[PDB]
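Peer 1:
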Ligand SMILES: Nc1ncnc2c1ncn2[C@@H]1O[C@H](COP(=O)(O)OP(=O)(O)OP(=O)(O)O)[C@@H](O)[C@H]1O
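Residue numbers (the authors' numbering), protein chains in the order written: chain A, 5 to 621, 762 to 966, 1053 to 1223; chain C, 12 to 383; chain D, 4 to 100.
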């Protein structure tokens, strides 16, 4: 048969190209050339062709030769998988410690040696942090397990795989070296977040959601459990971080590996097409696509025998970057997979020309093409015009294997459903809708009677004996004991909070159905749950979140118990907000989700049920004064001073029958204060207890995903080091405490403001635009200033009122302040304090620096030589300009400098010339102020109108003057700028248009 | 019922917010349309007595009755389907990809002559169509006017509007403080003046025209009483450097639309008859005596000579006036005004306290400002 | 206020300004008219005049634009200057009339 001949030819090609370097005993092929080193990702991608060939051969059964060939191919694939698994197992100690305090020195080495499976390089001579390789290995292991191949052989391997899944689940808030093992464009021993990493990690987590590693013969003890919260967080991260490559790269050719056949970890097909269009526009060439802009790999310069290149790539590698046919193979696979035929033909025709022959006329895929050193200027002057030459590893196993797989799929010998048994091709299918179920219970009989009197039918905590209700802390503690082994020294999953998407699904433990309340209604953890408005708003937000994704199969269920702390003052009826929320839920609509009210037994018939198989079997004078003192605030102050002096954990000996420590008395005081609902000492109590807001790291990474900078506390020069990369929970808490210092409550206020900002980022991601850095301390000072202005009180009274403000009032006040809604002097102070600048301010500043020698801000200088080193779209230039403009500590002066820069930009646009000198914007604003004073004196204003700033030398009327108008500040600024330009011109004007 | 609305309309991302209502997009599953659903709470989270609830229900029923009364007009908004539940109200409208007139106005500062002409024509058509059915809105504001992909404006917020009979006059006062006729202040003084009339929409249209053309409301001040007295006295003035380069026809049309006396205010039909809104395609009855031909030839020669002098009358760059006064150059003034608006473009929302005229300070900040 | 006779005269002038009826005076037709009259304006001058007369950069002048331009007030000195220039152009021959 012709098909048999074609299959035999493909098998011969595979044997002569990839299988020739099988490296028996271990089964890990060398990464081509004279390297003698094995890469996990390279081997995994190379074995894809062998796996596809074996799958194709398996179909033509009923013959001894075909069966033997298929068995040999599957055995080779299994041997490679077992070798890789053993290599990972050899670093169990590293895998276990990475889990706590995620660092670059705690991860397993990405470079694995040849036979004898040892380490080839040290822990500091290479970048041993690549979550993409682990994610792709786990994903393909799951795919082959679902196909039918047997790889896992013992329960210890299952535990190790679970530990690896736990280790990779934290990919959405950590920085790695990426696919290229070089971090950003400049190595400099730095790493940054990559979209490919988190995408492949999410895809691997999705693939291993409930996979059975032992196949059809496996039992309940050999199933991998993966949380859904991490997957949704990674999805949201990718959605909010995929208009470009990363924080530093504007585009990367590796983005295809996220939006194509490998791992299919993307939705919103419009975004996929958009990203593919930009990739084609910015990277496509005559011999493939470039990896990314401004890369110096395999270049005729930059001293190839060097690393950590200095920041001098202004024009050296621009327009002469190498191109890789691997991205063309990616495009071929993407076209041949979903629905495309003509694109496949055109890309195959393009790729056939760039192919170079080998021994016995064998096709070979070169690693990359490089521009000859002689024809360097021609390429820069005429892009994509010169002819490159082959270089790198000529037998590129990755590219050749991918091309072979694509050709086999195009020829029709293989189907898209064979390599993807998990049906990941339909990941872009829109989700029609989802219905969420909410169950309401009464803690006591009185609550149930009250609800019945108000037309609400519910069931108490009792009479539901088959079902049990416990807080999410118990669920977290239970999940912490999964994947625990003593022989291999595995500590299991580290303790972490459980989101709404986790507690919603039902759990079956010991043949009993267990339901858990949402984690956000725990008043013990924090005082946020005390406020009813926060309760209803956060419930609506959680409901919206649940209705949005719900990537898990089955219908959900939310349990909302009614506590005794939400009752009215008389304690006889429910509050208005809770009653309104319950009535809205009864009508089948609340927030942005459709709800139906019913019984837990009714919801039990169809719901998301998960089975946990692993759960199967003078001091005395001070104490007397504290006991006898009134004025509970003074009581809290006394408790604090004894806590700081001699009460860390020592017993106060207040009682005689029972010895109660300071912590017990503190908890009793907190409970007593919670009943009276008085927010005067709650902040002090929380600060003393060192209570931290849950999921603070989640809020931090959500804020940082949009290229934002966070600065805590009041700004002095030395302290308040900026935050640019995600940090663990312990490091974040330590930094917050260090910034807060001895004020204690400052940390609590900072945490509250940070969580409010993170919450408002998701709901309204247009309010926080145009702002590059967020300063919590500056925000606190601004809020205190507005409170003092509104109440016409002192700073101490304003701070006391701010402390006494309810959390809902705090959120409303922060919303109002951020909105900039409620004279001109106060408005300018608010604008300067929050450093609000136009969107195109960066481009205008960059153009001005291009057209001018520099800018003077009365101190230091900003040279124009930085425009070639930087780009307008790069964050480093933006933070440099902000730091240059942040020297002046007056927000009004900052706004004046900003508008002076804007008018100078307008003048430079109008006037075509080169300034060729340093312009002082401080001198410009001084000249404008002098002109305004002269005009006021001429008009007739007296001495009281021509006021003088105590420490800035600027008239108050100038601040109060409106920006636009016949006598606006912009006219004076334009006059002063033109006067300065004339003063720095050769006795003439050079402005025409 | 609510089940039918849920099965037929799918809630989506929020598209707008109100005082007590939220507007979101919806999809009609049988049709796969892209309509919009407006949801307004009844109890408002239990923040008021049931009397407010029944008052709100009466307001919504009046609004839906009025919207059904004027249904079928393509230029007027259309209410396809309405739903009512115990604690939730669902109304279906036509979703529009473009924002309100306020956003476009603050983005473009000042619109072109054709744009303002077509907007004025559409709004005048709205008012005459409404008056033919004896309906007054009394809330003609740019915030209540939106735009679509075809740059066609459609009036919304019919809740304030109520149907009226001949011979009755309204007494309630509502709306933005800078949109009141002298009838309102006369009636609200103690009891003297009878009530509302029909020229409130006339002055509202005049205010819309002035705000859109000049870029700022005709009347604005930092004090409530000061600007109230100013608008009551009708002492509005045209800006010198802004209205100088404008035609006289729009000026006198606006002046007629801002007449303090309700009797002398131009009606809608007279406004349509104005030479601003008339257009001609072709005519063949333009025949007269040779004197008419001679007059036409003389006028043509005069127009040709006038157009022969335009290019020689243009001013050069003239950096001297630029340094002495940057407002002399109209393009430069427009550029600096646009830059100033873009600098503070996030502070133009609903509210009389902050508006477009706040950013402009034509008055000199001198000792004379103290006198009042 | 305008008049019906003035409107008819303006319409006739607009129709006669362009050789072909398309609603626009057109730069080419204006240049041909100028050359026929006996004037040779520069291309840059014509472009500047078109830009100044027009309210935007669309590069086309319409009948309402011409009507608005003709509605401008020249005061007193500009009027006598214009009529003197028109008489001088018309009085090409050395006759004084
Ligand atoms: N089809 C629509 N497309 C876009 N926005 C719409 C649409 N229909 C209504 N809106 C929005 O809903 C609101 C309609 O006004 P609404 O009466 O709800 O608000 P308000 O606060 O009471 O005051 P106002 O009517 O003066 O804006 C506006 O914010 C408007 O932008």
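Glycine included, C-beta positions come from ideal geometry on N, C-alpha and C.
Secondary structure at residue 94/C, three-state DSSP: helix, strand or coil?
Peer 2: The residue given as residue 94/C occupies position 83 in the second chain. Of the three classes helix, strand and coil, the one that applies to residue 94/C here is strand, per DSSP.
Peer 1: Can you give the Cα-Cα distance for residue 299/A and residue 322/A, rounded to whole angstroms?
Peer 2: Along the first chain, one-based indexing puts residue 299/A at 295. Along the first chain, one-based indexing puts residue 322/A at 318. In a straight line, the C-alpha of residue 299/A is about 8 Å away from that of residue 322/A.
Peer 1: How should residue 935/A be labelled, buried or exposed, when 16 other C-beta atoms within 10 angstroms of its C-beta is the threshold for buried?
Peer 2: Along the first chain, one-based indexing puts residue 935/A at 791. Classification for residue 935/A: exposed.
Peer 1: For ligand 1, I want to know if residue 104/C counts as a neighbour, meaning its beta carbon is within less than 7 Å of at least one of the ligand's heavy atoms.
Peer 2: As a working note, residue 104/C is residue 93 in the second chain. Answer for residue 104/C: yes, Cβ within range of ligand 1.
Peer 1: Contact check, residue 191/C vs residue 87/C under 8 Å by CB: the rounded distance?
Peer 2: Residue numbering aside, residue 191/C sits at position 180 when the second chain is read from its first letter. Residue numbering aside, residue 87/C sits at position 76 when the second chain is read from its first letter. Not quite, the Cβ-Cβ distance comes to about 25 Å (not below 8 Å), so this is no contact.
Peer 1: Quick one: list the residues of chain A neighbouring residue 100/C, beta-carbon separation under 9 Å, in chain order.
Peer 2: As a first step, residue 100/C must be located in the second chain, where it is residue number 89. In chain order: nothing, as chain A lies at least about 11 Å away.
Peer 1: Let me check you understand the geometry: is the CB of residue 333/C closer than 7 Å to at least one non-hydrogen atom of ligand 1?
Peer 2: Here residue 333/C refers to the residue found at position 322 when the second chain is read from its first residue. Checking every heavy atom of ligand 1 against the Cβ of residue 333/C, none is found closer than 7 Å.
Peer 1: Does the separation of the CB atoms of residue 779/A and residue 770/A fall below 8 Å?
Peer 2: Working through the first chain from its first residue, we reach residue 779/A at position 635. Working through the first chain from its first residue, we reach residue 770/A at position 626. Cβ distance < 8 Å, so residue 779/A and residue 770/A count as in contact.
Peer 1: Can you check the stretch 877-919 of chain A for any beta strand (DSSP E) of at least 3 residues that lies completely inside it and give the ranges in chain order?
Peer 2: For the stretch 877-919 of chain A, whole beta strand (DSSP E) runs of length 3 or above, ordered along the chain, are 917-919.
Peer 1: Going by beta carbon distance, what residues of the same chain come within less than 8 Å of residue 361/A, once the five residues before and after it are set aside?
Peer 2: As a first step, residue 361/A is located in the first chain; it is residue number 357 there, counting from the start. These residues qualify, in order along the chain: 367 and 368.
Peer 1: Can you name the residues that DSSP bridges to residue 472/A?
Peer 2: Within the first chain, residue 472/A is the residue found at index 468, counting from 1. Answer is 518/A, bridged to residue 472/A.
Peer 1: Does the stretch 583-597 of chain A come close enough to the stretch 69-82 of chain C to have 3 or more Cβ pairs within less than 8 Å?
Peer 2: At 8 Å Cβ cutoff, the stretches do not touch.
Peer 1: Which runs of the alpha helix (DSSP H) at least 4 residues long sit entirely within the stretch 1101-1181 of chain A? Give them in chain order.
Peer 2: Complete alpha helix (DSSP H) runs here, min 4: 1105-1115, 1121-1140 and 1151-1169.
Peer 1: Are the CB atoms of residue 117/C and residue 12/D within a distance shorter than 8 Å?
Peer 2: Here residue 12/D corresponds to residue number 9 of the third chain, with the count starting at 1. Here residue 117/C corresponds to residue number 106 of the second chain, with the count starting at 1. No. Outside cutoff.
Peer 1: Short of 7 Å in beta carbon distance, which residues of its chain neighbour residue 399/A, apart from the five on each side in sequence? Order them along the chain.
Peer 2: For this step, residue 399/A is matched to residue 395 along the first chain. Hits under 7 Å: 21, 36 and 368.
Peer 1: Could you give the C-beta distance for residue 57/A and residue 14/A, rounded to a whole number, given that I count them as a contact under 8 Å?
Peer 2: The residue given as residue 57/A occupies position 53 in the first chain. The residue given as residue 14/A occupies position 10 in the first chain. That belief holds up - the Cβ atoms of residue 57/A and residue 14/A are roughly 6 Å apart, short of 8 Å.
Peer 1: Do residue 406/A and residue 359/A have their CB atoms nearer than 8 Å?
Peer 2: Indexing the first chain from 1 puts residue 406/A at position 402. Indexing the first chain from 1 puts residue 359/A at position 355. The answer is no: Cβ separation not under 8 Å.
Peer 1: For chain C, is any of its Cβ atoms less than 8 Å away from the one on residue 1115/A?
Peer 2: Working through the first chain from its first residue, we reach residue 1115/A at position 885. Not closer than 8 Å to any Cβ of chain C, the Cβ of residue 1115/A fails to qualify, so no.
Peer 1: Alpha carbons only, please: which of 75/D, 39/D and 5/D is nearest the one belonging to residue 21/D?
Peer 2: Position 18 of the third chain, counting from 1, holds the residue named residue 21/D. The candidate whose alpha carbon is nearest that of residue 21/D is 39/D.
Peer 1: Tell me whether residue 168/C counts as near ligand 1, meaning its Cβ is closer than 7 Å to at least one heavy atom of that ligand.
Peer 2: Residue 168/C sits at position 157 when you count from the first residue of the second chain. Residue 168/C: yes, Cβ under 7 Å from ligand 1.
Peer 1: Chain D partners of residue 259/C, CB-CB under 9 Å?
Peer 2: Reading the second chain from its first residue, position 248 is the one you call residue 259/C. Under the 9 Å cutoff, chain D gives 74 and 76.
Peer 1: Could you list the residues in the stretch 345-374 of chain C with a C-beta less than 9 Å from some C-beta on chain A, going in chain order?
Peer 2: Within the stretch 345-374 of chain C, the residues whose Cβ lies closer than 9 Å to some Cβ of chain A are 346, 347, 348, 350, 351, 352, 353, 354, 355, 356, 357, 358, 360, 362, 364, 365, 369, 370, 371, 372, 373 and 374, listed in chain order.
Peer 1: Just checking: is the beta-carbon of residue 1169/A within a distance shorter than 8 Å of some beta-carbon in chain C?
Peer 2: As a working mapping, residue 1169/A is identified with position 939 in the first chain. So yes, residue 1169/A belongs to the interface.
Peer 1: Shortest alpha-carbon distance to residue 1125/A belongs to which of 139/A, 1199/A and 1080/A?
Peer 2: Taking the first chain and counting its residues from 1, one reaches residue 1125/A at position 895. Among 139/A, 1199/A and 1080/A, the Cα nearest to that of residue 1125/A belongs to 1199/A.
Peer 1: Can you tell me which of the three DSSP states residue 20/C falls into?
Peer 2: Numbered from 1 along the second chain, position 9 holds the residue referred to as residue 20/C. DSSP places residue 20/C in strand when its eight states are reduced to three.
Peer 1: Could you give the C-beta distance for residue 332/A and residue 294/A, rounded to a whole number, given that I count them as a contact under 8 Å?
Peer 2: Mapped onto the first chain, residue 332/A falls at position 328. Mapped onto the first chain, residue 294/A falls at position 290. In fact, because the Cβ distance is near 12 Å, the residues do not count as touching under 8 Å.
Peer 1: For the candidate residues 31/C, 207/C and 37/C, whose alpha-carbon lies nearest to that of residue 22/C?
Peer 2: For the purposes of this step, residue 22/C is taken as residue 11 along the second chain, with counting starting at 1. When only C-alpha atoms are compared, the closest one is 37/C.
Peer 1: Buried or exposed, going by whether 16 or more other CB atoms sit within 10 Å of the CB of residue 794/A?
Peer 2: Here residue 794/A is taken as the residue at index 650 of the first chain, counted from 1. Result: exposed.
Peer 1: Please classify residue 418/A: does DSSP put it in a helix, a strand, or coil?
Peer 2: Numbered from 1 along the first chain, position 414 holds the residue referred to as residue 418/A. Residue 418/A: coil per DSSP, three-state reduction.
Peer 1: Could you tell me whether the Cβ atoms of residue 65/D and residue 29/D are closer together than 8 Å?
Peer 2: Position 62 of the third chain holds residue 65/D. Position 26 of the third chain holds residue 29/D. Not a contact, by the Cβ cut-off of 8 Å.
Peer 1: Please give me, in chain order, every unbroken run of the alpha helix (DSSP H) with length at least 4 that falls completely inside the stretch 480-553 of chain A.
Peer 2: As far as the stretch 480-553 of chain A is concerned, its whole alpha helix (DSSP H) runs of at least 4 residues are 504-507 and 536-552.
Peer 1: Please indicate yes or no: does the CB of residue 47/C lie closer than 7 Å to some heavy atom of ligand 1?
Peer 2: Here residue 47/C refers to the residue found at position 36 when the second chain is read from its first residue. Yes, the beta carbon of residue 47/C sits closer than 7 Å to at least one heavy atom of ligand 1.
Peer 1: Spell out whether any CB of chain C is found under 8 Å from the CB atom of residue 1193/A.
Peer 2: For the purposes of this step, residue 1193/A is identified with residue 963 of the first chain, where counting begins at 1. Answer yes: the Cβ-Cβ gap between residue 1193/A and chain C drops below 8 Å somewhere.
Peer 1: Using the beta-carbon of each residue, which ones in chain C are nearer than 8 Å to residue 51/D?
Peer 2: Translated into positions along the third chain, residue 51/D becomes position 48. 322 and 325, listed in chain order.
Peer 1: Are residue 46/C and residue 104/C touching if we call contact CB-CB under 8 Å?
Peer 2: As a first step, residue 46/C must be located in the second chain, where it is residue number 35. As a first step, residue 104/C must be located in the second chain, where it is residue number 93. Yes, the Cβ-Cβ distance between residue 46/C and residue 104/C is below 8 Å.
Peer 1: Please name the residue or residues paired with residue 373/A in a DSSP beta bridge.
Peer 2: Start at 1 with the first residue of the first chain, and residue 373/A comes out as number 369. Looking at the DSSP assignment, residue 373/A forms a beta bridge with 327/A and 394/A.
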